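A lone chain, given as C-alpha cells: the form deposited in one PDB entry.
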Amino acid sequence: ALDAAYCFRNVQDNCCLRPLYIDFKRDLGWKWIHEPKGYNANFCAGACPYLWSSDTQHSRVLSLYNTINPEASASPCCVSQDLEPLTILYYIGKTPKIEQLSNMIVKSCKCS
C-alpha cells in the first residue's frame, strides 16, 4: 500500500504518503483547541504513472493518456485513501466540548 512503511523511509517521485505533523496554534493560528496540541495529518503527493495505485477505470485510462499527452494536464491525482478520526477537546467559555472529527488523518494514498 502507499503507506508509511513503503513511503516514509525514502522519498520517491510517485504518489506516496508524506509525513506532516500539524501544531494547531503554531501552524493554523487555532488557539481554541485544548487537547491535543497537534496531530499527524499527513498528506498525499506525487506522480501518477500508468497503473500506479489506480482507483477507477477513469484513473487507469487517464494515467495512460497523460503519459502520451503530458501537456493536457489531465493526470490522475495523488489523494487520500484511508483516513482516521481525531477527537478534540475545546472550551466554549467554561464548557468542555469533546468532538470526534472523522477523516482527519491520512494513512494511505491512491491515484484518482
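Start at 1 and count along the sequence shown; that's the residue number. Only the largest set of C-alpha atoms that superpose within 1.5 Å between the two forms is called the rigid core.
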Problem - Between 39-47 and 63-71 (mean CA B-factor, as deposited), the higher - result: 63-71
Fill in the blank from the handout: Per the PDB entry, mean CA B-factor is higher for 28-36 or 78-86, namely for 28-36
Problem - Maximum C-alpha temperature factor, selected from 15, 22, 98, 101 - result: 98
Problem - residue 7, C-alpha B-factor rank within chain (lowest, middle or highest third) - result: lowest
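Below, we refer to the form deposited in another entry, which is not included among the displayed structures.
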Problem - Flag for residue 103, CA shift 2 Å or larger between this form and the one not shown after aligning core - result: no
